[PDB]
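In: part one of the complex, left exactly where it sits:
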Amino acid sequence: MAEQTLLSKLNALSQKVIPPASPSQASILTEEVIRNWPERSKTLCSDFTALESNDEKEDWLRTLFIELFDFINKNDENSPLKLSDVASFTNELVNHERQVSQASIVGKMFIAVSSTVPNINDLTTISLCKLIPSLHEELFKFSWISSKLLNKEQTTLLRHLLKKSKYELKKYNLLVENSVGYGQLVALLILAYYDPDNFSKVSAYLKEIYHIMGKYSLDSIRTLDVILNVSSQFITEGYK
Amino acid sequence: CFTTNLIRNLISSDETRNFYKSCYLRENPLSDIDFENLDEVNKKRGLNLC
Amino acid sequence: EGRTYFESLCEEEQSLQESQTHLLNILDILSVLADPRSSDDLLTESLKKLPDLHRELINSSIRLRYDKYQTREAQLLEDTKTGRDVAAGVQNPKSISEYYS
């Protein structure tokens, strides 16, 4: 097996590709003679207002973000701090695409490309996304680079609100959490021991108990404690 | 009688008063609703409404 | 505009199937490169098909992740819509207060 996999190494580099400058050119032709980058920011923002269909305007939003992320992994092209060049541009885009629509189309498309392209280093991405202040809402709703962006004291409020409002059962364990729901449970048991008819309508008092502690979310352990606690005052006459 | 028994137990004792500290500072630390101190004249007056 | 939940999920039967047919053709290719009793041109012409399908596969995995984020924002709006949005719709208000009294 080790000899035949050297055949594939020769067959990959021989005939297959030219390093793509002519095949792969999305919206940028070259870096230097085209450069015009403050004014090239507007000519891509010019046609991006007059786009109607959402498919063909998001084929463009997708191919606009792909060629940038392959461009950062290679370095020393013209200037080192090109990360602030793109991050100044995208802040103009998000404030304009919140004007014509009410969504975050340019925001969510930034998350989907930053998660999928299998050449990017993850440490380089968090250094870029921290600087843009207009996309911090979309990072906290979505994919996981907001965990490393989160403050260490602010992390102990995540560990408390996750298992309080997603995992904690919403039931009421004391007699003060529902003074209305426990007040009708006792008065229904006071009533049931003052009936002459108490063996013909047993099952008419259970179906009113289950409708009381379903409407008000009463506990099932504290409720059996209240039934055994009221029915011990009336144990001399009604124990059947 | 259910919600008067709590005003007695929460003004007098100070471990019950310290338990409701944590449940209001954990759910919002920057709290607009405030309970922070003694309220001592309201301690003696509120214990007379019990 | 707004998107309907029954069609927002109906698109993700189709957006998932247009990504499934791209994944199956690539595993067809790598089966040819693995077989021992292969030949000189069958390994050559099949690898010529490979960077074509690599570009469409990565291009369809953004759309699968973009359409997932759309439903989570859409069915957290439905979770607020439940309530008394539909309560103030009945035009029979006199009989529904005589029944409760």
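Out: Arrived safely. Numbers count the residues shown, from 1 in each chain, chains lettered A, B, ... in the order given.

In: who in chain C is up against chain A?
Out: When proximity is defined by C-beta under 8 Å from any C-beta of the partner chain, chain C lies next to chain A at C:33, C:36, C:43-44, C:47-48, C:51, C:58-59, C:61-63, C:65-66, C:69-70, C:73. Backbone N, C-alpha and C define where each C-beta goes, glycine included.

In: Ignore what I typed, I meant chain B.
Out: Applying C-beta under 8 Å from any C-beta, we find that chain B lies next to chain A at B:2-3, B:5-6, B:26-27, B:29.

In: ok, of these, which come out buried?
Out: Restricting the residues of chain B next to chain A to buried positions leaves residue B:6, with burial counted as 16 or more other C-beta atoms under 10 Å in any protein chain shown.

In: Tell me which of the residues of chain B next to chain A fall in helices.
Out: With DSSP state H as the criterion, helices contain B:5-6 from among the residues of chain B next to chain A.

In: burial measure for residue A:209, as a count.
Out: Here the count is done by other C-beta atoms under 10 Å in any protein chain shown, and residue A:209 has 17 residues near it.

In: And it, which helix or strand is it part of?
Out: Secondary structure from DSSP states H and E places residue A:209 in helix A:203-215.

In: Mind checking if that helix is in reach of chain B?
Out: No - Helix A:203-215 lies apart from chain B when judged by C-beta under 8 Å from any C-beta; the minimum separation is 15.9 Å.

In: From chain C, how far off is residue B:38?
Out: Taking C-beta to the nearest C-beta, to the nearest Å as the measure, residue B:38 and chain C are separated by 41 Å.

In: Please identify the residue most distant from the middle of chain B.
Out: residue B:30 (18.2 Å; C-alpha atoms, centre = their mean).

In: following sequence is chain D, place it on the structure:
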Amino acid sequence: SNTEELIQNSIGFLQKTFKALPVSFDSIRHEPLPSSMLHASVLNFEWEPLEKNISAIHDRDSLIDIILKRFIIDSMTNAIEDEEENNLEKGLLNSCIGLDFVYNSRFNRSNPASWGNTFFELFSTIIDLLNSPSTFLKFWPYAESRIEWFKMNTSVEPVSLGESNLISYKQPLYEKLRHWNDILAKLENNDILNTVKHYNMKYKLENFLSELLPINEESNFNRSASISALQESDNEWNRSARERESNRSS
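Out: Now chain D, sitting on the chains shown earlier:
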């Protein structure tokens, strides 16, 4: 052979062996299915779709989980060969038969922990596919008698009485308790359109999660004591316009 037609022969095979089984639905809610009623090959996974092939070089018990779930969803829809009333109970009977088969054939797995995640997965399929609060209270006697099967988490031998191997942030109850707390909040928001069967469904489901968990589980006894704000003994349909101008009488 194609992997898809391997599945399609298996669903039609399970329809044969589960139809001939002579048990009712009123006898399956209370008494469990006896393990000596099926053939000895079915509890060991030597099936007629799985003998003619040799191409099962992959997992076997991760393939069974997709057959048993596609058999359930294809048993809850189709009702249009006979009259509808007997056709609703034939959906739920094929559910409870296929859910006793996961418990009985748990030694014949390749893993005695790979049935604790299959039993909670198929049980959450039943609750979503079930369409009404009237049909919920018809099925739920199945899930109250077989409650000691839920506590034996990845252990083939049963827990004794009162012991439960279920903690609230681990693989069975980590994504299910987040999902069953949505139904219990979905049913709490409509405080106008709730019938009396919607309040009985909220009781039988919340009582089920309390017995599953220990009495000392941090998400069980309302640890952060929050007084309710929804204790409302009020009807909006009994109220017209909320008048505050004729303050005459006592």
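
In: now that chain D has been added, could you go back to the neighbour count of residue A:209?
Out: Using other C-beta under 10 Å, residue A:209 has 18 neighbouring residues.

In: List the buried residues in the lengthiest helix in chain D.
Out: With secondary structure taken from DSSP H, chain D has its longest helix at helix D:84-104. Burial within helix D:84-104, assessed by neighbour count using 16+ other C-beta under 10 Å, is assigned to D:88, D:90-104.

In: of the residues you listed, list those near chain C.
Out: Near chain C, taking C-beta under 8 Å from any C-beta as the test, no member of the buried residues of helix D:84-104 is found.

In: ok so residue C:53 is a helix residue?
Out: Yes - under DSSP: H, G, I helix; E, B strand; the rest coil, residue C:53 sits within a helix.

In: ok, now how distant is the residue farthest from the centre of chain B from chain A?
Out: As it turns out, when the distance is counted by C-beta to the nearest C-beta, residue B:30 lies 11 Å from chain A.

In: which residues touch the residue nearest to residue A:127 when sequence neighbours are not counted?
Out: Distance criterion C-beta to C-beta, 6 or more residues apart in numbering or on different chains; nearest residue to residue A:127, sequence neighbours excluded, is residue A:83 at 7.0 Å. With contact taken as C-beta atoms under 8 Å, 6 or more residues apart in numbering or on different chains, residue A:83 is in contact with A:72, A:127-128, A:131.

In: cool, and residue D:127?
Out: Contacts were defined as C-beta under 8 Å, 6+ apart; by that measure residue D:127 touches D:136, D:180, D:183.

In: what about residue A:146, how many neighbours?
Out: Applying other C-beta under 10 Å, we find 15 residues neighbouring residue A:146.

In: That one contacts residue A:140, doesn't it?
Out: Yes - taking contact to mean C-beta atoms under 8 Å, the distance of 4.9 Å between residue A:146 and residue A:140 places them in contact.

In: can you slot in chain E too:
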Amino acid sequence: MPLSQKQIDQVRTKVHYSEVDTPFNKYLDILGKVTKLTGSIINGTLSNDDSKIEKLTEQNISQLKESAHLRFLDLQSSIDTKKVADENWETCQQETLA
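Out: Below, chain E sits with the chains from the block before:
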């Protein structure tokens, strides 16, 4: 440490939009794996290492060929459950109002 009003509401929006999709994240693992392996054969770097999944095997690639058929049938069957379970909550809501 300070806690500001805007730094508290960045906690609560992470709490709302936190989902646990187990069949969806299992399928994106397979899409993430195959796009790594075939992203190296275009360059040529394939070696007997543990950074990728498998190198080249008629038995091990045939494992991923049937693990892509099983993980697709599970996501397709978990999207037909969400269609049904929101369909008959609307009719039950309407047959109470009507």
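
In: ok chain E is loaded, check the neighbour count of residue A:209 again?
Out: Using other C-beta under 10 Å, residue A:209 has 18 neighbouring residues.

In: Would you agree it is in contact with residue A:185?
Out: Yes - between residue A:209 and residue A:185 there is a contact under C-beta under 8 Å: 7.2 Å.

In: Leaving out chain neighbours, which residue sits closest to residue D:76?
Out: Leaving aside its sequence neighbours, residue D:76 sits nearest to residue D:129 (C-beta to C-beta, 6+ apart; 4.6 Å).

In: Near the one you found, how many residues? Count them for me, please.
Out: When neighbours are counted by other C-beta under 10 Å, residue D:129 registers 19.

In: again, but for residue A:192
Out: The burial metric for residue A:192, expressed as a neighbour count using other C-beta under 10 Å, is 19.

In: do the one 5 residues further on as well
Out: Taking other C-beta under 10 Å as the neighbour definition, residue A:197 ends up with a count of 8.

In: backbone phi and psi for it, please?
Out: Residue A:197 adopts backbone torsions of phi -100, psi 100, taken as degrees, to the nearest 10.

In: Stretch E:13-29 and chain B, are they touching?
Out: No - applying C-beta under 8 Å from any C-beta, one finds stretch E:13-29 out of contact with chain B, separated by at least 11.7 Å.

In: And that stretch, what's buried?
Out: Judged by neighbour count (16+ other C-beta under 10 Å), stretch E:13-29 contains these buried residues: E:14, E:23-24, E:27-28.

In: Check which helices and strands the biggest helix by length in chain A sits against.
Out: In chain A, taking DSSP H as the definition, the longest helix is helix A:58-73. Of the remaining helices and strands, those touching helix A:58-73 by 3 or more C-beta pairs under 8 Å, 6 or more residues apart in numbering or on different chains; DSSP states H and E are helix A:105-116, helix A:122-129, helix C:50-74.
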